[PDB]
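**Student:** I am attaching a structure below and will ask some questions about it afterwards.
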Amino acid sequence: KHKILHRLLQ
Amino acid sequence: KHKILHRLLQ
Amino acid sequence: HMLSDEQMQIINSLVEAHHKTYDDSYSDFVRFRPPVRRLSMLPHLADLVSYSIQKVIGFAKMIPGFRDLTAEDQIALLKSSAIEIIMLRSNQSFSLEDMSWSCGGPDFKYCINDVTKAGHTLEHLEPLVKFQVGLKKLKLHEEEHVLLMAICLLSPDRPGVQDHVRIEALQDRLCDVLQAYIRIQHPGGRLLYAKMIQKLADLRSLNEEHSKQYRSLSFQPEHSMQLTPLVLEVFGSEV
Amino acid sequence: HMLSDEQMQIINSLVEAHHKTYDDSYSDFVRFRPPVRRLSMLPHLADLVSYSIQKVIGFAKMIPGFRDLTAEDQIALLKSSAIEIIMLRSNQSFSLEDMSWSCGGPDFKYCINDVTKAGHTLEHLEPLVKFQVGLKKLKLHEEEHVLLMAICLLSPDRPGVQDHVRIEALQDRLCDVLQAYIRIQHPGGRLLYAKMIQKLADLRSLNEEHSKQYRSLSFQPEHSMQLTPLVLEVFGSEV
Ligand SMILES: C=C1/C(=C\C=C2/CCC[C@]3(C)[C@@H](C(CCCC(C)(C)O)CCCC(C)(C)O)CC[C@@H]23)C[C@@H](O)C[C@@H]1O
Ligand SMILES: C=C1/C(=C\C=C2/CCC[C@]3(C)[C@@H](C(CCCC(C)(C)O)CCCC(C)(C)O)CC[C@@H]23)C[C@@H](O)C[C@@H]1O
């Protein structure tokens, strides 16, 4: 869950 | 699972 | 009676943050799916909103002590605030002269009607426009505009937050800065801080009305497919 | 020695089907995120592929007796064939004169290089181009082009298929039509049917090489976010 967000938060 | 496909197949 | 050193440092960081995540030319709107005047604006508007989220994330990461929170809470805050942070930052392109967001035109001049061709009712768009005009009339120094978004984002009572103690803390520290800034740097800011905090609650309401009409929009696959992975992720229910 | 009545009926349906789901003007490519010459073509190409899927679904629904399958198998078939059906139909815009898909230009003229700016290696793009040229050299009547896609789609050994008995059945019936058509309507079609069935296996291989490089592409969130909900759904693993 929340694959993209984690990534975007370096 | 496959929400969109089901819909697209009327 | 004068601004602190740790307080200028904070203001400097937040203004630079917004400077690097907001474009006054809007020169990326060409890379979005074109606007069309069913729900012809949905593709474009979803691309616009998705774009904005990435910027909000850029900004958020630069808010002081935000990188120090747990990845979990960072997500919990973005998810809850995201939409409000957008209504906030959109004001910068809103125009009282014509009551519409002008990021270009006639292509990129969004009016209440457009957001209609994207799945929202006027009976709910009205308050957002009202909120924009009131906010625009507050003629905010960018320092205040920025602090307002950084405070709105750190709002302690978001569904899903864990450490609500440290979050009310970093938000209190920010509020000090704001109250100090207005009193010290803003001629005739007697009533301002209050009016500003008043805006935050206007946002909670606007946020709610959105979650409702987006839920209905996201439950129809023919519509959800018009969205982006990021939007779906940010306005989704996964936990 | 002559074409059946139930066989003309089938051919008529399939050609009309393709006629209503393929545009020789490509007048919807403007509604996609613009192409850009990182992975600058990914947004555009993902929009193109997503668009094509919806068309393939339109076509599939009109293949005879396809609506009679279970929703489950319909999905199982689309998911497995989709990509191949696209490589198939793309040939219609491929150009041996310049070895590239020309759906316009210079904007919509896609060359091997572009698909590179979308996350694929030349060491794997080469065979797809080869496949296009061979297919183009077969100078197919549209009747054959259409039957080929309808047969490719009904290919019995797709991962996830349940009733593989009725599926090999509706595909055998189609193959009859094709072999009958070439023999009867195609001057010098002695070797054709064989060459055509040969193409199908070229597709299984091309399909595989895709699943691999897409998996790697879909596992990086910065990239997957550039995709569409439909693409993600169709090339996904959910079952
Ligand atoms: C964003 C920015 C801009 C405009 C903001 C707008 C104009 C279009 C409609 C928007 C985006 C509102 C809508 C969009 C929701 C569409 C969606 C995701 C498909 O449910 C949300 C408000 C919906 C209400 C609550 C009114 O019902 C909120 C702010 C509005 C342009 C620029 O200022 C950058 C800024 O960054
Ligand atoms: C489609 C159509 C068209 C072109 C097809 C193309 C050109 C661009 C690259 C494509 C789309 C290939 C790629 C696209 C995959 C990109 C993605 C989804 C991000 O992994 C697939 C092949 C990849 C290989 C196997 C070569 O590694 C397959 C067919 C190629 C245009 C028109 O003919 C409509 C048709 O409808």
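Starting from 1 in every chain, residues are counted up; chains themselves are A, B, ... following the order of the structure tokens, and ligands are numbered from 1 as listed.
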Based on DSSP run over this structure's backbone, return all residues of region 44-203 of chain C in strand (DSSP E), as a ChimeraX atom specification.

**Tutor:** /C:94-95,100-102,109-110

**Student:** Give me, as a list in words, all polymer residues having an atom no more than 8 Å from residue 144 (chain C), counting only C-alpha atoms and skipping those fewer than 5 positions away in the same chain.

**Tutor:**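 Answer for this query is residues 178, 181 and 182 of chain C.
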
**Student:** Would you write out those residues with N, CA and C atoms, as a PDB file, in the first residue's frame?

**Tutor:**
```pdb
ATOM      1  N   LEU C 178       3.856  32.725  12.462  1.00  0.00           N
ATOM      2  CA  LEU C 178       2.826  33.448  11.728  1.00  0.00           C
ATOM      3  C   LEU C 178       2.290  34.651  12.514  1.00  0.00           C
ATOM      4  N   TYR C 181       4.916  37.155  12.676  1.00  0.00           N
ATOM      5  CA  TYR C 181       5.113  37.815  11.392  1.00  0.00           C
ATOM      6  C   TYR C 181       4.066  38.896  11.125  1.00  0.00           C
ATOM      7  N   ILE C 182       2.792  38.568  11.326  1.00  0.00           N
ATOM      8  CA  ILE C 182       1.711  39.509  11.035  1.00  0.00           C
ATOM      9  C   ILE C 182       1.834  40.739  11.912  1.00  0.00           C
TER      10      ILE C 182
END
```

**Student:** List the spatial neighbours of residue 12 (chain C) as a PyMOL selection string - criterion: any atom at most 9 Å away, only C-alpha atoms, same-chain residues fewer than 5 positions off excluded.

**Tutor:** chain C and resi 7+17+143

**Student:** Within 10 Å of residue 69 (chain C), counting only C-alpha atoms, which residues qualify if same-chain residues fewer than 3 places away don't, as a ChimeraX atom specification?

**Tutor:** /C:65-66,72-75,163,166-167

**Student:** Could you make a table, as JSON lines, of the residues of chain D that have an atom within 12 Å of an atom of chain C, each with its nearest atom pair and distance in Å to one decimal, counting only C-alpha atoms, in chain and number order?

**Tutor:**
```
{"residue": "D:28", "atom": "CA", "partner": "C:34", "partner_atom": "CA", "distance": 10.9}
{"residue": "D:29", "atom": "CA", "partner": "C:33", "partner_atom": "CA", "distance": 10.1}
{"residue": "D:30", "atom": "CA", "partner": "C:34", "partner_atom": "CA", "distance": 7.6}
{"residue": "D:31", "atom": "CA", "partner": "C:34", "partner_atom": "CA", "distance": 5.7}
{"residue": "D:32", "atom": "CA", "partner": "C:33", "partner_atom": "CA", "distance": 5.4}
{"residue": "D:33", "atom": "CA", "partner": "C:33", "partner_atom": "CA", "distance": 4.6}
{"residue": "D:34", "atom": "CA", "partner": "C:31", "partner_atom": "CA", "distance": 5.7}
{"residue": "D:35", "atom": "CA", "partner": "C:31", "partner_atom": "CA", "distance": 8.4}
{"residue": "D:36", "atom": "CA", "partner": "C:31", "partner_atom": "CA", "distance": 8.8}
{"residue": "D:40", "atom": "CA", "partner": "C:31", "partner_atom": "CA", "distance": 10.3}
{"residue": "D:41", "atom": "CA", "partner": "C:31", "partner_atom": "CA", "distance": 11.2}
{"residue": "D:42", "atom": "CA", "partner": "C:31", "partner_atom": "CA", "distance": 12.0}
{"residue": "D:43", "atom": "CA", "partner": "C:31", "partner_atom": "CA", "distance": 9.0}
{"residue": "D:44", "atom": "CA", "partner": "C:33", "partner_atom": "CA", "distance": 9.4}
{"residue": "D:46", "atom": "CA", "partner": "C:228", "partner_atom": "CA", "distance": 11.8}
{"residue": "D:47", "atom": "CA", "partner": "C:33", "partner_atom": "CA", "distance": 9.2}
{"residue": "D:48", "atom": "CA", "partner": "C:33", "partner_atom": "CA", "distance": 11.9}
{"residue": "D:50", "atom": "CA", "partner": "C:225", "partner_atom": "CA", "distance": 9.8}
{"residue": "D:51", "atom": "CA", "partner": "C:225", "partner_atom": "CA", "distance": 11.2}
{"residue": "D:54", "atom": "CA", "partner": "C:222", "partner_atom": "CA", "distance": 11.0}
{"residue": "D:218", "atom": "CA", "partner": "C:229", "partner_atom": "CA", "distance": 11.7}
{"residue": "D:221", "atom": "CA", "partner": "C:229", "partner_atom": "CA", "distance": 9.5}
{"residue": "D:222", "atom": "CA", "partner": "C:230", "partner_atom": "CA", "distance": 10.1}
{"residue": "D:223", "atom": "CA", "partner": "C:229", "partner_atom": "CA", "distance": 10.5}
{"residue": "D:224", "atom": "CA", "partner": "C:229", "partner_atom": "CA", "distance": 7.8}
{"residue": "D:225", "atom": "CA", "partner": "C:229", "partner_atom": "CA", "distance": 5.3}
{"residue": "D:226", "atom": "CA", "partner": "C:229", "partner_atom": "CA", "distance": 7.8}
{"residue": "D:227", "atom": "CA", "partner": "C:229", "partner_atom": "CA", "distance": 7.4}
{"residue": "D:228", "atom": "CA", "partner": "C:228", "partner_atom": "CA", "distance": 6.2}
{"residue": "D:229", "atom": "CA", "partner": "C:225", "partner_atom": "CA", "distance": 5.3}
{"residue": "D:230", "atom": "CA", "partner": "C:225", "partner_atom": "CA", "distance": 6.3}
{"residue": "D:231", "atom": "CA", "partner": "C:225", "partner_atom": "CA", "distance": 9.6}
{"residue": "D:232", "atom": "CA", "partner": "C:229", "partner_atom": "CA", "distance": 8.9}
{"residue": "D:233", "atom": "CA", "partner": "C:225", "partner_atom": "CA", "distance": 9.8}
{"residue": "D:234", "atom": "CA", "partner": "C:225", "partner_atom": "CA", "distance": 12.0}
```

**Student:** Considering only C-alpha atoms, return as an NGL selection string whatever protein or nucleic-acid residues lie within 12 Å of region 92-99 of chain D, sequence-local ones (same chain, fewer than 5 positions apart) excluded.

**Tutor:** :D and (18 or 22-26 or 85-87 or 104 or 108-113 or 126 or 128-137 or 139-142 or 145-146)

**Student:** Interatomic distance between CA of residue 217 (chain C) and CA of residue 239 (chain C)?

**Tutor:**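 Between CA of residue 217 (chain C) and CA of residue 239 (chain C) the gap is 20.3 Å.
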
**Student:** Which distance in Å separates CA of residue 216 (chain D) and atom 27 (O, counted along the ligand's line) of ligand 2, to one decimal?

**Tutor:**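 The value is 11.6 Å.
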
**Student:** For chain C, work out the contacting residues on chain A at 8 Å, counting only C-alpha atoms, and write them as a list in words.

**Tutor:** residues 1, 2, 4, 5, 6, 8 and 9 of chain A

**Student:** Write the residues of the selection above to a file with C-alpha atoms, as an mmCIF file, in the first residue's frame.

**Tutor:**
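So selection07.cif came out as:
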```
data_model
loop_
_atom_site.group_PDB
_atom_site.id
_atom_site.type_symbol
_atom_site.label_atom_id
_atom_site.label_comp_id
_atom_site.auth_asym_id
_atom_site.auth_seq_id
_atom_site.Cartn_x
_atom_site.Cartn_y
_atom_site.Cartn_z
ATOM 1 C CA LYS A 1 0.000 0.000 0.000
ATOM 2 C CA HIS A 2 1.153 3.513 -0.934
ATOM 3 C CA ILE A 4 4.213 5.763 -5.090
ATOM 4 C CA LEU A 5 4.069 8.014 -2.007
ATOM 5 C CA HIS A 6 6.872 6.131 -0.254
ATOM 6 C CA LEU A 8 8.191 10.245 -3.779
ATOM 7 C CA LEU A 9 9.244 10.892 -0.182
#
```
